[PDB]
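First comes the structure, then the notes that go with it.
Protein chains: 2
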Amino acid sequence: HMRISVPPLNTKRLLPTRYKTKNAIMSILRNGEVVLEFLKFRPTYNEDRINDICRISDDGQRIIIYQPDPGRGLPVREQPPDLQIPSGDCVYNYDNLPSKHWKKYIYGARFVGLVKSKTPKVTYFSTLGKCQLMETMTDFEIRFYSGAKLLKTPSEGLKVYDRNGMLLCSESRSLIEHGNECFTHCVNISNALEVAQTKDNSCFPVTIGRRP
Amino acid sequence: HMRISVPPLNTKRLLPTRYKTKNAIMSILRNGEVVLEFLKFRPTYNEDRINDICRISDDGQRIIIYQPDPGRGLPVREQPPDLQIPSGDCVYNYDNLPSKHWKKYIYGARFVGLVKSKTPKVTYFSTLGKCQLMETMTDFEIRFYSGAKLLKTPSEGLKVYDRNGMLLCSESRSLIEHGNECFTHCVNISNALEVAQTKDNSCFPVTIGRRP
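Here the protein sequences line up with chains A and A', keeping their order. A prime marks a further copy of an entry chain.
Just so we're aligned: the first sequence equals residues 381 to 548, 553 to 596 in the deposited numbering.
Just so we're aligned: the second sequence equals residues 381 to 548, 553 to 596 in the deposited numbering.
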């Protein structure tokens, strides 16, 4: 009757990264794996200590959740620890992950979504600039030849800047019109290319045409 | 009952060029126009002289065929003459071009086809190299990371070269297999992208993915 807030995450055309924050270290590895190292400063060591580790496969299906050196934690090295044969207590999959853990998997999904938002899926060179539709399919930016730039998120909204940055008309609603016209073309093509996609071959990321 | 050998030519994503030969000067202009300047050396001027001009629109539909300065001809300048208001004797379109002219239009079509063959439509970065499917849709070349290269035309056939160039097996039929696998992917995508294509927006040329 009750399911988890977010659908299973995925690394598709996502590059290896490592984002550091004040509560966890989130990492995407070459195998496409997601590794979250949650943090708690314990005075016993007088520094930040990994408190829990959450690991998710490259398709959000397989999950490992544990809390190493229970009560002492770990030294933050540059990269997360390597995968050791998991207990099986701490092994779950998406369709069974107990509610008490959902929040962490959610952290991972939010992270992957963020990297999804900063990752180009489609690049269109229009007659006015460089369209770039991200892997989130809801983020979009245009880099006009003139120097104007347009941004679009499903959250912060719209922020068209001219050569100096203005919001406000005449110049704007020309730009905006192009923006959406460009946006339709990029989503339309992502959807068009989903057809030619196989398991062994990839269609994205993709760059289309050039400037004059 | 009888039609012309070739279907109407077209400049799609074709760049401005000028190919020189021993009988004509073929040119593709920015407007997408095709201009053939046929040649005859007349001793009267003791040099090559344009004998006839053939001009074809960017969709092989509209044709202009004439023979300037009848009996004397023209000095070969760097570019063809500009379009003057045509007589209308020398104005035709595809569906009426009289047989006596077909051969020239054919020259133009062959030229445009040649440039079509040297023009990239799709670029795939596979796991083994750089696939490149030309605008002819029958020409294809792979540039493997190793240094092997594969070629394919509908005419001269097949010529797979290794790091030194060999034909002949073991290494070959690995390569060839990839070649066709790559080839299927590129044609499949051109056809997939034909759907997202509009009049105001373009889908080609296109480059897909990167190397590791």
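Just so you know, even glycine gets a beta-carbon here, dropped at the ideal spot from N, CA and C.
Original post:
At least one CB of chain A closer than 8 Å to the CB of residue 409(A'): is that the case?
Top reply: no
Original post:
Is residue 409(A') near the ligand ADP, judged by its Cβ being under 7 Å from some heavy atom?
Top reply: Absent from the structure shown: the ligand ADP. Ligands present: none.
Original post:
What span of residues does the beta strand (DSSP E) with residue 404(A') cover, start to end?
Top reply: 404-408
**OP:** Please list, in chain order, all residues of the same chain as residue 459(A') whose beta carbon is under 8 Å from its beta carbon, the five residues on each side excluded.
**Re:** 398 and 407
**OP:** Output yes or no for whether 8 Å exceeds the beta carbon distance between residue 505(A') and residue 592(A').
**Re:** yes
Subject >> For residue 434(A'), the residue or residues it bridges with in DSSP >> reply: 416(A') and 445(A')
Original post:
Taking the continuous alpha helix (DSSP H) assigned at residue 571(A'), which residues delimit it?
Top reply: 556-577
**OP:** Please list, in chain order, all residues of the same chain as residue 521(A') whose beta carbon is under 6 Å from its beta carbon, the five residues on each side excluded.
**Re:** 512 and 531
Subject >> Beta-carbon proximity list for residue 437(A), same chain, < 7 Å, skipping 5 on both sides >> reply: 413
Original post:
With respect to the beta strand (DSSP E) encompassing residue 471(A), which residues constitute its N-terminal and C-terminal limits?
Top reply: 471-473
**OP:** Classify residue 540(A) as buried or exposed, calling it buried when 16 or more other Cβ atoms lie within 10 Å of its own Cβ.
**Re:** buried
Original post:
Assuming residue 433(A') and residue 446(A') make a contact with CB atoms under 8 Å, what is their CB distance in whole Å?
Top reply: 6 Å
Subject >> Where the segment 580-595 of chain A meets chain A': residues whose CB sits under 9 Å from a CB there >> reply: 580, 581, 582, 584, 585, 586, 587, 588, 589, 590, 591, 592, 593 and 594
Original post:
How do the segment 383-395 of chain A and the segment 475-490 of chain A stand: do at least 3 beta-carbon pairs fall below 8 Å, yes or no?
Top reply: yes
**OP:** Tell me whether residue 554(A') is buried or exposed, calling it buried when 16 or more other Cβ atoms sit within 10 Å of its Cβ.
**Re:** exposed
**OP:** Could you check what DSSP says for residue 608(A') in three-state terms: helix, strand or coil?
**Re:** What is shown of chain A' runs 381 to 596, which leaves residue 608(A') out entirely.
**OP:** For residue 577(A'), decide whether its Cβ has a neighbour in chain A, counting only Cβ atoms nearer than 8 Å.
**Re:** yes
**OP:** Could you tell me which chain A residues have their CB closer than 7 Å to the CB of residue 572(A'), listed as they occur along the chain?
**Re:** 580
**OP:** Give the DSSP bridge partners of residue 504(A), in chain order.
**Re:** 511(A) and 592(A)
Original post:
What's the gap between the Cα of residue 415(A') and the Cα of residue 424(A')?
Top reply: 25 Å
**OP:** Indicate whether residue 444(A') and residue 478(A') have their beta-carbon atoms separated by less than 8 Å.
**Re:** no
**OP:** Could you confirm whether any beta carbon from chain A is found closer than 8 Å to the beta carbon of residue 569(A')?
**Re:** yes
Original post:
If you compare alpha carbons, which of 427(A'), 391(A') and 441(A') is closest to residue 471(A')?
Top reply: 441(A')
**OP:** Would you please state the rounded distance, in angstroms, between the beta carbons of residue 577(A) and residue 587(A)? I believe it to be under 8 Å.
**Re:** 4 Å
Original post:
Can you name, in chain order, every residue of its own chain whose Cβ lies under 8 Å from the Cβ of residue 517(A'), other than the five neighbours on each side?
Top reply: 501, 571 and 574
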